[PDB]
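The block underneath contains the structure these notes are about, expressed in structure tokens.
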Amino acid sequence: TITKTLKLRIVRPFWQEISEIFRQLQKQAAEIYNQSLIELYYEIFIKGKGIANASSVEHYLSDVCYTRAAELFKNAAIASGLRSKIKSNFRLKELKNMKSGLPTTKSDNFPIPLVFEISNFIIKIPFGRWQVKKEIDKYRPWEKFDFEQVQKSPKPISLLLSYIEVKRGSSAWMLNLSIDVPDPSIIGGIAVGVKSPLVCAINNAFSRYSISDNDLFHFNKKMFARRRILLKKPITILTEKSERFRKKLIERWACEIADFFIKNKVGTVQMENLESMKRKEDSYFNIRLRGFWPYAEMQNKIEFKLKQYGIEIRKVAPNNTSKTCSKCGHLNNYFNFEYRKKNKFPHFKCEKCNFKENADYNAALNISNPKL
Amino acid sequence: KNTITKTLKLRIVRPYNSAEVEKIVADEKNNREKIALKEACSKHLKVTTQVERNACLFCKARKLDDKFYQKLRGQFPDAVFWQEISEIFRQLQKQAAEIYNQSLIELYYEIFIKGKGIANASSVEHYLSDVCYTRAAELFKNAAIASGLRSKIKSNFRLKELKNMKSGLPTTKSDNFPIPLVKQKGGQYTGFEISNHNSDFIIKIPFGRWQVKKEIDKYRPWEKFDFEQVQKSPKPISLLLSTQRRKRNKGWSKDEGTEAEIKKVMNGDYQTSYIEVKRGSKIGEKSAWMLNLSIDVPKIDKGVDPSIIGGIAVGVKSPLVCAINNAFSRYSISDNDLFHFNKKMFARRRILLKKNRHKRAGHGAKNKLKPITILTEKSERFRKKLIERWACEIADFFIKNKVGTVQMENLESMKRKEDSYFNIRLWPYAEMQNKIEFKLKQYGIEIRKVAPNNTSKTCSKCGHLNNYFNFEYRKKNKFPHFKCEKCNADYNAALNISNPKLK
RNA sequence: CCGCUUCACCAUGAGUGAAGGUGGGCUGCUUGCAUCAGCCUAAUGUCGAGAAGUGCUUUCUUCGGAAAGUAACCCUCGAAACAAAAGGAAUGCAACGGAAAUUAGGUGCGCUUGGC
DNA sequence: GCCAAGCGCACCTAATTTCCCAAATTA
DNA sequence: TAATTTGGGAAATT
Ligand SMILES: [Zn+2]
Ligand SMILES: [Zn+2]
Ligand SMILES: [Zn+2]
């Protein structure tokens, strides 16, 4: 069961009294925490024969740490959240490695623990009645206020914000709280691109995934180079190795496509048939890889992985993919591959509904249309 | 004082031995060169067609084989060879990091927890020696490693920052942590015994006998050896350090620079009192062991006047520009080598391997990033040497014109200028600024990192403070020449950093 | 083939002709850039061994947690590259202060809310 | 896919800081 | 003569 953490700014609650109280509880708790990890490490390792169990870490944390941070703060919530915060961070086996030392925080980025009442928003938290101390320590000049019990003098404080924590923002005071929290209709579309090998998209949604050819292009470069140099039989062996790389690459694109669909729940996905993305004339594969590629294996790996995640693959027809508009459907007859080559492969533009973006995602959304 | 500290980073060839064992090594090498004697290298033409040494046989003759080294491990059974030394240094690098961590913790505990925080900057000398030295001396039984660790801790333990909790107790998480080593120098003391037998750079590190552990741990096998105390029963380790490629460097026949510093440390003129040994790069299974000597060299003191005050400012056309209060002589750091570097750091941009998460996956994060990690190591060596070359240039300039104070734009002013060559067309300003500072130091020049006061706009001659030559205006014309309302851009910006008025 | 260089020429270029070329890396003994000799290169790859940790499954409770197991993990350690460890190994130009740590911000990925 | 906001985890990059001692005592 | 050990004593952020 997961923990959703909402963190919203205590802009108002008076004020400066609250800011000063927070600074002080931050510092005071950071002392207990750093000094408790240190006092504890010192007792197991640097004194106690270099051995102790979770038994002793328990005896110490329950006795020394909780009794200190409770006899000071007089607030069960702070002392208990803090007791947990040390227990968490004193990992006895991580330390028996001498793999590293101790997580010792600076008294700023250290969150105040706390453990409620809320209206629409005003948070409301049980806190002790603080009276200022009449004798201020010369050497500890940041601690001004001494707190009282939350049963004997409960002065519960409210905060108008725009397991509970309080902490600085990276001047203003964020308040976190964690809470405990535990589709065959939605249709998706995969279309072979011209700048991205395969771009997949969802109909009536805005979400997409585009497959980068960086890995593919870099490999292709190096392979051509070895060829050029070899042409002044190893070239046969380069062929077999090259095939092994392409085969594993297609598997990795199939995993990435399947993951992008399973994320958005997309339970039916459709993509143009073998002939329709073998002879597309504007496809990445034909205009970069000189129409030499294993299309069959690509579609077969994609469909096998996509059916191994419960998603159903439907094999549609193109119906003027590049040219037709996703959002309305007026063919921009000007948008010939020919038009696109003379330029530097620009975005789409439907002059009828006025919707300009990436012709590959356009094509993707043209596929994903159910009436195909 | 009148001096400046530097390292000399030096590669360990092989552990050196007795005069006996090294005599027999040498004489077998000449024995094989005499045995062997169509083509040759120059040394073996003077003893035909010239070939590169790699291809020569009267060089290739000498390299000794395990047959001899076994005949030697037989003859002289106490002599020291690479295996035992590499095992020892691997142990000492682990034990050192373990000590550095448990010592910072014991120190934190004895100052704040036990003490109750009643500590100033001099009781810290006390606590360091008591806690941290004593711990290291129980382990290593070798004052030099113990005293070396005292210092390597003292460097990272900040008492006022640690009391006001403006940071956390430092902890090292490193495979390759230096072994530090302190022998005292100056007065009746000399530092580490440097020798030069037949012009080779030998350093002798004080060490105690080592006997391999009977019952070795299963979980940490590296802890193999059990050091005697050096005062009790000593076995020193002498290292031969490589000075061959430097003996060819053309700087080896010069009065200033790294080659002359090495010649001085070998001659005995400079003494070393800190060495710091750590591994370089894996060669087979087995590594390159670097030894980083630390010397203090005097100031060069070629005539400079504090009367003449100079300026450095980050310029739009050229990445640094240099000026003098009232001379009219300038310098501009050309942007040619930086451009070659920018083309390269585009190639080394594995954004897919960084982000995909299907790639290089299921062996942990050290291997997920190996490709990227290896390119940043090679790239941050490019930038370093480039920055050094500029600082070299800048220094030469000021020295020519005889400047003694150089004011340079404060780190914030540059890092967030928003019209720097580094911002417009691209960076470490700590490193860039430090490397310039440190070069100038060496000759006598004094840097004072100064405040801007509307630098880019202010008239360098009459004093008018403009708002017309603002970034977007100049950007709009596209970085045009500079003129004033009351009477080059980069030159002006530098020459208003060269204003003694600023603070 | 080029999201390689240069010679150009056309309309910033994943344009067209001509010539060339790892267009990626490893060793050459401190480093960088360029050569050079030899090499690896499916390397933005492929995989091995492991259990410290995030998680997970099973139990146990004195309900904080504890003990087992798995092995998904930006989980842990590791894996290509000169010649025949011990100066066998270059040419040109340029440089050479290193180490440790802290702090900050950011990159990268997952989720809880919302939109384009 | 990006943006905004924050959390959790690990890595990367930049900036800063500090050390690289000296004296006295004991084998 | 070289290696080893010792050195001293509070005070913040908006
Ligand atoms: Zn339309
Ligand atoms: Zn020769
Ligand atoms: Zn003027």
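We label chains A, B, ... in the order they appear in the structure tokens, count residues from 1 in each chain, and number ligands from 1 in the order shown.
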
With a distance cut-off of 12 Å and only C-alpha atoms (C1' of nucleotides), select the neighbouring residues of residue D:15, excluding the residue or stretch itself and same-chain residues fewer than 2 positions from it, and output the selection as a VMD selection string.
(chain B and resid 411 to 412 415 427 to 434) or (chain C and resid 102 to 105) or (chain D and resid 13 17)

Preceding selection exported with N, CA and C atoms (P, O5', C5', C4', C3', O3' and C1' of nucleotides) as a PDB file, in the first residue's frame:
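Saved to part26.pdb:
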```
ATOM      1  N   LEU B 411      32.735  35.797  -8.599  1.00  0.00           N
ATOM      2  CA  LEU B 411      32.211  34.509  -9.128  1.00  0.00           C
ATOM      3  C   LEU B 411      30.733  34.607  -9.499  1.00  0.00           C
ATOM      4  N   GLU B 412      29.936  35.290  -8.673  1.00  0.00           N
ATOM      5  CA  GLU B 412      28.472  35.457  -8.873  1.00  0.00           C
ATOM      6  C   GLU B 412      28.234  36.298 -10.128  1.00  0.00           C
ATOM      7  N   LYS B 415      29.057  33.846 -13.138  1.00  0.00           N
ATOM      8  CA  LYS B 415      28.177  32.643 -13.070  1.00  0.00           C
ATOM      9  C   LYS B 415      26.723  33.001 -13.411  1.00  0.00           C
ATOM     10  N   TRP B 427      29.751  25.217 -17.020  1.00  0.00           N
ATOM     11  CA  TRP B 427      31.186  25.638 -17.029  1.00  0.00           C
ATOM     12  C   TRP B 427      31.722  25.972 -15.639  1.00  0.00           C
ATOM     13  N   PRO B 428      32.862  25.374 -15.219  1.00  0.00           N
ATOM     14  CA  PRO B 428      33.416  25.619 -13.888  1.00  0.00           C
ATOM     15  C   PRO B 428      34.065  27.004 -13.803  1.00  0.00           C
ATOM     16  N   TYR B 429      33.476  27.927 -13.042  1.00  0.00           N
ATOM     17  CA  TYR B 429      34.096  29.244 -12.804  1.00  0.00           C
ATOM     18  C   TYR B 429      34.930  29.221 -11.519  1.00  0.00           C
ATOM     19  N   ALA B 430      34.641  28.322 -10.589  1.00  0.00           N
ATOM     20  CA  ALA B 430      35.565  28.010  -9.486  1.00  0.00           C
ATOM     21  C   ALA B 430      36.913  27.688 -10.111  1.00  0.00           C
ATOM     22  N   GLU B 431      36.959  26.635 -10.932  1.00  0.00           N
ATOM     23  CA  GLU B 431      38.207  26.065 -11.492  1.00  0.00           C
ATOM     24  C   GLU B 431      38.842  27.125 -12.374  1.00  0.00           C
ATOM     25  N   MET B 432      38.085  27.725 -13.286  1.00  0.00           N
ATOM     26  CA  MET B 432      38.657  28.718 -14.222  1.00  0.00           C
ATOM     27  C   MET B 432      39.325  29.823 -13.407  1.00  0.00           C
ATOM     28  N   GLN B 433      38.599  30.385 -12.450  1.00  0.00           N
ATOM     29  CA  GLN B 433      39.080  31.540 -11.657  1.00  0.00           C
ATOM     30  C   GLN B 433      40.276  31.110 -10.788  1.00  0.00           C
ATOM     31  N   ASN B 434      40.190  29.967 -10.121  1.00  0.00           N
ATOM     32  CA  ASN B 434      41.262  29.453  -9.234  1.00  0.00           C
ATOM     33  C   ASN B 434      42.545  29.285 -10.038  1.00  0.00           C
TER      34      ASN B 434
ATOM     35  P     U C 102      31.154  14.509   2.604  1.00  0.00           P
ATOM     36  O5'   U C 102      30.878  16.056   2.766  1.00  0.00           O
ATOM     37  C5'   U C 102      30.600  16.547   4.044  1.00  0.00           C
ATOM     38  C4'   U C 102      30.501  18.047   3.967  1.00  0.00           C
ATOM     39  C3'   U C 102      29.300  18.652   3.273  1.00  0.00           C
ATOM     40  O3'   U C 102      28.229  18.629   4.199  1.00  0.00           O
ATOM     41  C1'   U C 102      31.195  19.766   2.537  1.00  0.00           C
ATOM     42  P     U C 103      26.770  18.378   3.710  1.00  0.00           P
ATOM     43  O5'   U C 103      26.433  19.720   2.931  1.00  0.00           O
ATOM     44  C5'   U C 103      26.298  20.952   3.642  1.00  0.00           C
ATOM     45  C4'   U C 103      26.225  22.093   2.657  1.00  0.00           C
ATOM     46  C3'   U C 103      25.149  21.988   1.583  1.00  0.00           C
ATOM     47  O3'   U C 103      23.851  22.374   2.043  1.00  0.00           O
ATOM     48  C1'   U C 103      27.187  22.580   0.575  1.00  0.00           C
ATOM     49  P     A C 104      22.525  21.803   1.332  1.00  0.00           P
ATOM     50  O5'   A C 104      22.479  22.630  -0.032  1.00  0.00           O
ATOM     51  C5'   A C 104      22.407  24.073  -0.067  1.00  0.00           C
ATOM     52  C4'   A C 104      22.732  24.599  -1.456  1.00  0.00           C
ATOM     53  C3'   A C 104      21.803  24.159  -2.587  1.00  0.00           C
ATOM     54  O3'   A C 104      20.641  24.989  -2.670  1.00  0.00           O
ATOM     55  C1'   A C 104      24.042  23.789  -3.239  1.00  0.00           C
ATOM     56  P     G C 105      19.191  24.364  -3.029  1.00  0.00           P
ATOM     57  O5'   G C 105      19.281  24.114  -4.600  1.00  0.00           O
ATOM     58  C5'   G C 105      19.282  25.211  -5.537  1.00  0.00           C
ATOM     59  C4'   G C 105      19.998  24.828  -6.813  1.00  0.00           C
ATOM     60  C3'   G C 105      19.275  23.852  -7.725  1.00  0.00           C
ATOM     61  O3'   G C 105      18.263  24.462  -8.522  1.00  0.00           O
ATOM     62  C1'   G C 105      21.535  23.197  -7.516  1.00  0.00           C
TER      63        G C 105
ATOM     64  P    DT D  13      29.443  15.869 -14.570  1.00  0.00           P
ATOM     65  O5'  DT D  13      29.293  17.451 -14.586  1.00  0.00           O
ATOM     66  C5'  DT D  13      28.005  18.098 -14.576  1.00  0.00           C
ATOM     67  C4'  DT D  13      28.059  19.319 -13.690  1.00  0.00           C
ATOM     68  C3'  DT D  13      29.471  19.875 -13.463  1.00  0.00           C
ATOM     69  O3'  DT D  13      29.448  21.295 -13.420  1.00  0.00           O
ATOM     70  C1'  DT D  13      28.479  19.446 -11.407  1.00  0.00           C
ATOM     71  P    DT D  17      35.065  29.589   1.467  1.00  0.00           P
ATOM     72  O5'  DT D  17      35.458  28.656   2.696  1.00  0.00           O
ATOM     73  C5'  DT D  17      34.726  27.442   3.008  1.00  0.00           C
ATOM     74  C4'  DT D  17      35.700  26.358   3.405  1.00  0.00           C
ATOM     75  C3'  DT D  17      37.096  26.878   3.742  1.00  0.00           C
ATOM     76  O3'  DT D  17      37.596  26.184   4.867  1.00  0.00           O
ATOM     77  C1'  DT D  17      37.286  25.179   2.202  1.00  0.00           C
TER      78       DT D  17
END
```

Please identify every residue of chain E that has at least one atom no more than 7 Å from any atom of chain B, counting only C-alpha atoms (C1' of nucleotides), and report them as a compact mmCIF listing (two decimals) with C-alpha atoms (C1' of nucleotides), in the first residue's frame.
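What landed in out_15.txt:
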```txt
# COMPACT_ATOMS: atom_id res chain seq x y z
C1' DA E 3 60.38 7.59 14.84
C1' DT E 4 56.59 8.77 17.64
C1' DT E 6 51.54 15.86 21.53
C1' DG E 7 49.59 20.46 21.10
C1' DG E 8 43.93 23.07 25.19
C1' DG E 9 39.53 24.56 27.25
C1' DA E 10 31.58 27.88 24.53
```

Kindly provide, as a list in words, all nucleotide and amino acid residues lying within 10 Å of ligand 2, counting only C-alpha atoms (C1' of nucleotides) and all ligand atoms.
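So, counting only C-alpha atoms (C1' of nucleotides) and all ligand atoms, the residues near ligand 2 are residues 33, 39, 40, 41, 42, 43, 44, 45, 46, 47, 50, 51, 52, 53, 54, 55, 56, 57, 58, 59, 60, 61 and 62 of chain B; 88 of chain C.
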
Please extract the residues at most 8 Å from ligand 1, counting only C-alpha atoms (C1' of nucleotides) and all ligand atoms, and provide them as a list in words, using the chain letters and residue numbers of this document.
residues 324, 325, 326, 327, 328, 329, 330, 331, 349, 350, 351, 352, 353, 354 and 355 of chain A

Where does chain B meet ligand 3 within 10 Å, residue by residue, with the nearest atom pair and distance in Å to one decimal for each, counting only C-alpha atoms and all ligand atoms, listed by chain and rising number, as a Markdown table?
```
| residue | atom | partner | partner_atom_place_in_ligand_line | distance |
| --- | --- | --- | --- | --- |
| B:458 | CA | ligand 3 | 1 (Zn) | 8.0 |
| B:459 | CA | ligand 3 | 1 (Zn) | 4.6 |
| B:460 | CA | ligand 3 | 1 (Zn) | 6.9 |
| B:461 | CA | ligand 3 | 1 (Zn) | 5.5 |
| B:462 | CA | ligand 3 | 1 (Zn) | 4.0 |
| B:463 | CA | ligand 3 | 1 (Zn) | 5.5 |
| B:464 | CA | ligand 3 | 1 (Zn) | 5.3 |
| B:465 | CA | ligand 3 | 1 (Zn) | 8.5 |
| B:466 | CA | ligand 3 | 1 (Zn) | 9.5 |
| B:483 | CA | ligand 3 | 1 (Zn) | 7.4 |
| B:484 | CA | ligand 3 | 1 (Zn) | 4.6 |
| B:485 | CA | ligand 3 | 1 (Zn) | 6.2 |
| B:486 | CA | ligand 3 | 1 (Zn) | 4.7 |
| B:487 | CA | ligand 3 | 1 (Zn) | 4.0 |
```

Sorted by chain and rising residue number, list the residues of chain C at most 6 Å from chain B (counting only C-alpha atoms (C1' of nucleotides)), each with its closest atom pair and distance in Å to one decimal, as CSV.
```
residue,atom,partner,partner_atom,distance
C:32,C1',B:385,CA,5.8
C:44,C1',B:353,CA,5.5
C:74,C1',B:365,CA,4.4
C:75,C1',B:364,CA,5.2
C:86,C1',B:14,CA,5.9
C:88,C1',B:60,CA,4.5
C:89,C1',B:54,CA,4.2
C:97,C1',B:6,CA,4.5
C:98,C1',B:7,CA,5.3
C:101,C1',B:156,CA,5.2
C:108,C1',B:355,CA,5.7
```

Those residues with N, CA, C and O atoms (P, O5', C5', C4', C3', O3' and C1' of nucleotides), as a PDB file, in the first residue's frame please?
```
ATOM      1  P     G C  32      44.715  12.586 -21.494  1.00  0.00           P
ATOM      2  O5'   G C  32      44.628  13.965 -22.277  1.00  0.00           O
ATOM      3  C5'   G C  32      43.737  14.963 -21.770  1.00  0.00           C
ATOM      4  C4'   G C  32      43.804  16.212 -22.590  1.00  0.00           C
ATOM      5  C3'   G C  32      43.770  16.056 -24.098  1.00  0.00           C
ATOM      6  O3'   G C  32      42.430  15.845 -24.578  1.00  0.00           O
ATOM      7  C1'   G C  32      45.495  17.504 -23.527  1.00  0.00           C
ATOM      8  P     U C  44      29.438   2.780 -27.138  1.00  0.00           P
ATOM      9  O5'   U C  44      27.985   3.196 -26.668  1.00  0.00           O
ATOM     10  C5'   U C  44      27.684   3.203 -25.283  1.00  0.00           C
ATOM     11  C4'   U C  44      26.195   3.231 -25.085  1.00  0.00           C
ATOM     12  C3'   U C  44      25.438   2.182 -25.864  1.00  0.00           C
ATOM     13  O3'   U C  44      24.325   1.818 -25.090  1.00  0.00           O
ATOM     14  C1'   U C  44      24.700   4.302 -26.529  1.00  0.00           C
ATOM     15  P     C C  74      19.564  -1.476 -12.280  1.00  0.00           P
ATOM     16  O5'   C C  74      20.512  -0.250 -11.942  1.00  0.00           O
ATOM     17  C5'   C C  74      20.128   1.064 -12.333  1.00  0.00           C
ATOM     18  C4'   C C  74      20.383   2.006 -11.201  1.00  0.00           C
ATOM     19  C3'   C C  74      19.145   2.408 -10.411  1.00  0.00           C
ATOM     20  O3'   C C  74      19.519   2.621  -9.050  1.00  0.00           O
ATOM     21  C1'   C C  74      20.118   4.315 -11.344  1.00  0.00           C
ATOM     22  P     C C  75      18.628   2.049  -7.844  1.00  0.00           P
ATOM     23  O5'   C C  75      18.873   0.477  -7.893  1.00  0.00           O
ATOM     24  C5'   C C  75      20.194  -0.035  -7.996  1.00  0.00           C
ATOM     25  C4'   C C  75      20.501  -0.933  -6.838  1.00  0.00           C
ATOM     26  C3'   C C  75      21.954  -1.306  -6.734  1.00  0.00           C
ATOM     27  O3'   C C  75      22.629  -0.239  -6.109  1.00  0.00           O
ATOM     28  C1'   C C  75      20.628  -3.237  -6.464  1.00  0.00           C
ATOM     29  P     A C  86      57.232  -4.984 -16.703  1.00  0.00           P
ATOM     30  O5'   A C  86      57.920  -4.191 -15.498  1.00  0.00           O
ATOM     31  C5'   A C  86      58.769  -3.044 -15.656  1.00  0.00           C
ATOM     32  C4'   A C  86      59.814  -3.024 -14.567  1.00  0.00           C
ATOM     33  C3'   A C  86      61.184  -3.582 -14.935  1.00  0.00           C
ATOM     34  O3'   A C  86      62.168  -2.929 -14.147  1.00  0.00           O
ATOM     35  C1'   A C  86      60.269  -4.914 -13.268  1.00  0.00           C
ATOM     36  P     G C  88      62.204  -2.523 -19.780  1.00  0.00           P
ATOM     37  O5'   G C  88      61.718  -2.621 -21.289  1.00  0.00           O
ATOM     38  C5'   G C  88      62.681  -2.858 -22.338  1.00  0.00           C
ATOM     39  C4'   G C  88      62.017  -2.794 -23.698  1.00  0.00           C
ATOM     40  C3'   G C  88      61.212  -1.550 -24.001  1.00  0.00           C
ATOM     41  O3'   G C  88      62.022  -0.428 -24.331  1.00  0.00           O
ATOM     42  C1'   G C  88      59.972  -3.414 -24.636  1.00  0.00           C
ATOM     43  P     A C  89      61.627   1.010 -23.749  1.00  0.00           P
ATOM     44  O5'   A C  89      60.401   1.433 -24.655  1.00  0.00           O
ATOM     45  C5'   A C  89      60.604   1.516 -26.060  1.00  0.00           C
ATOM     46  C4'   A C  89      59.291   1.713 -26.776  1.00  0.00           C
ATOM     47  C3'   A C  89      58.407   2.844 -26.291  1.00  0.00           C
ATOM     48  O3'   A C  89      58.854   4.102 -26.768  1.00  0.00           O
ATOM     49  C1'   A C  89      57.090   0.953 -26.668  1.00  0.00           C
ATOM     50  P     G C  97      51.306  23.316 -11.639  1.00  0.00           P
ATOM     51  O5'   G C  97      50.670  23.042 -10.227  1.00  0.00           O
ATOM     52  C5'   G C  97      51.267  22.021  -9.464  1.00  0.00           C
ATOM     53  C4'   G C  97      50.233  21.000  -9.068  1.00  0.00           C
ATOM     54  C3'   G C  97      48.911  20.993  -9.829  1.00  0.00           C
ATOM     55  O3'   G C  97      48.543  19.642  -9.790  1.00  0.00           O
ATOM     56  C1'   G C  97      48.514  21.353  -7.545  1.00  0.00           C
ATOM     57  P     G C  98      47.544  19.056 -10.821  1.00  0.00           P
ATOM     58  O5'   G C  98      46.637  18.122  -9.889  1.00  0.00           O
ATOM     59  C5'   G C  98      47.174  16.874  -9.419  1.00  0.00           C
ATOM     60  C4'   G C  98      47.112  16.696  -7.912  1.00  0.00           C
ATOM     61  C3'   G C  98      45.830  16.212  -7.299  1.00  0.00           C
ATOM     62  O3'   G C  98      45.510  14.870  -7.656  1.00  0.00           O
ATOM     63  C1'   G C  98      46.939  17.609  -5.805  1.00  0.00           C
ATOM     64  P     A C 101      36.141  12.043  -0.258  1.00  0.00           P
ATOM     65  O5'   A C 101      35.455  13.204   0.584  1.00  0.00           O
ATOM     66  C5'   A C 101      35.382  13.049   1.997  1.00  0.00           C
ATOM     67  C4'   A C 101      35.006  14.331   2.646  1.00  0.00           C
ATOM     68  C3'   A C 101      33.663  14.901   2.246  1.00  0.00           C
ATOM     69  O3'   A C 101      32.638  14.386   3.060  1.00  0.00           O
ATOM     70  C1'   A C 101      35.257  16.584   2.112  1.00  0.00           C
ATOM     71  P     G C 108      16.598  15.579 -17.900  1.00  0.00           P
ATOM     72  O5'   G C 108      16.565  14.103 -17.295  1.00  0.00           O
ATOM     73  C5'   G C 108      17.521  13.109 -17.723  1.00  0.00           C
ATOM     74  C4'   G C 108      17.446  11.848 -16.885  1.00  0.00           C
ATOM     75  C3'   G C 108      16.066  11.345 -16.499  1.00  0.00           C
ATOM     76  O3'   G C 108      15.415  10.723 -17.604  1.00  0.00           O
ATOM     77  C1'   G C 108      17.572  11.077 -14.679  1.00  0.00           C
TER      78        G C 108
END
```

Per-residue nearest contacts of chain A to chain B (6 Å; only C-alpha atoms) as a tab-separated table:
```
residue	atom	partner	partner_atom	distance
A:100	CA	B:173	CA	5.9
A:101	CA	B:171	CA	5.9
A:104	CA	B:168	CA	4.9
A:105	CA	B:168	CA	5.3
A:106	CA	B:167	CA	4.7
A:107	CA	B:165	CA	5.4
```

Neighbour list for stretch 166-179 of chain A as a ChimeraX atom specification, cut-off 9 Å, only C-alpha atoms (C1' of nucleotides), skip fewer than 2 positions in-chain
/A:2-11,19,22,26,108-114,161,163-164,181 /D:6

Contact table chain D vs chain B, cut-off 8 Å, shortest pair per residue, only C-alpha atoms (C1' of nucleotides), as CSV:
```
residue,atom,partner,partner_atom,distance
D:10,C1',B:365,CA,7.9
D:14,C1',B:428,CA,6.1
D:15,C1',B:430,CA,5.8
D:18,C1',B:155,CA,4.8
D:19,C1',B:155,CA,5.3
D:20,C1',B:274,CA,5.9
D:21,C1',B:184,CA,7.9
D:27,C1',B:231,CA,7.8
```

Write the residues you've just listed into a file as a compact mmCIF listing (two decimals), in the first residue's frame, and include N, CA and C atoms (P, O5', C5', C4', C3', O3' and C1' of nucleotides) for each of them.
```
# COMPACT_ATOMS: atom_id res chain seq x y z
P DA D 10 20.13 5.30 -3.05
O5' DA D 10 21.15 5.31 -4.28
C5' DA D 10 20.72 4.97 -5.61
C4' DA D 10 21.34 5.90 -6.63
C3' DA D 10 22.72 6.44 -6.25
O3' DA D 10 23.51 6.54 -7.44
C1' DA D 10 21.33 8.21 -6.74
P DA D 14 30.71 22.15 -13.89
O5' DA D 14 30.46 23.52 -13.12
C5' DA D 14 29.13 23.90 -12.69
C4' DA D 14 29.16 24.53 -11.32
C3' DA D 14 30.50 25.16 -10.95
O3' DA D 14 30.29 26.30 -10.13
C1' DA D 14 29.93 23.65 -9.31
P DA D 15 31.26 27.54 -10.25
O5' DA D 15 31.18 28.19 -8.81
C5' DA D 15 30.02 28.07 -7.97
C4' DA D 15 30.44 27.93 -6.53
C3' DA D 15 31.83 28.48 -6.20
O3' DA D 15 31.83 29.05 -4.91
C1' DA D 15 31.71 26.28 -5.51
P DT D 18 38.53 26.91 5.88
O5' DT D 18 39.48 25.73 6.34
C5' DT D 18 38.99 24.37 6.32
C4' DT D 18 40.11 23.43 5.98
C3' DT D 18 41.49 24.07 6.14
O3' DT D 18 42.47 23.18 6.61
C1' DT D 18 41.29 23.06 4.05
P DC D 19 43.69 23.71 7.47
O5' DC D 19 44.57 22.38 7.54
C5' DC D 19 43.99 21.07 7.21
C4' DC D 19 44.91 20.26 6.33
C3' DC D 19 46.35 20.75 6.43
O3' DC D 19 47.37 19.83 6.72
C1' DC D 19 45.64 20.66 4.13
P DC D 20 48.65 20.41 7.48
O5' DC D 20 49.85 19.63 6.78
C5' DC D 20 49.67 18.47 5.95
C4' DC D 20 50.51 18.63 4.71
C3' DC D 20 51.54 19.75 4.82
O3' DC D 20 52.90 19.42 4.98
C1' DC D 20 50.35 19.74 2.70
P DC D 21 53.89 20.36 5.81
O5' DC D 21 53.05 21.55 6.48
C5' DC D 21 52.39 21.41 7.75
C4' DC D 21 52.81 22.40 8.83
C3' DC D 21 54.29 22.40 9.20
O3' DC D 21 54.71 23.52 9.98
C1' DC D 21 53.09 21.37 10.95
P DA D 27 60.21 4.67 25.24
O5' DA D 27 60.31 3.78 23.93
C5' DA D 27 61.41 2.90 23.72
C4' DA D 27 62.05 3.14 22.38
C3' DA D 27 63.26 2.24 22.16
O3' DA D 27 63.37 1.88 20.78
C1' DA D 27 63.94 4.44 22.02
```

Would you kindly report the residues of chain E within 10 Å of chain A, using only C-alpha atoms (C1' of nucleotides), as a ChimeraX atom specification?
/E:10-14

Please return, as an MDAnalysis selection string, all residues of chain D lying within 9 Å of chain A when only C-alpha atoms (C1' of nucleotides) are considered.
chainID D and resid 1 5:7

Using only C-alpha atoms (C1' of nucleotides), please write the residues we just selected to a file, as a PDB file, in the first residue's frame.
```pdb
ATOM      1  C1'  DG D   1       5.159  14.850 -23.913  1.00  0.00           C
ATOM      2  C1'  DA D   5       4.756  20.563  -7.480  1.00  0.00           C
ATOM      3  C1'  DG D   6       6.874  17.450  -4.274  1.00  0.00           C
ATOM      4  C1'  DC D   7       8.971  13.097  -2.673  1.00  0.00           C
TER       5       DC D   7
END
```
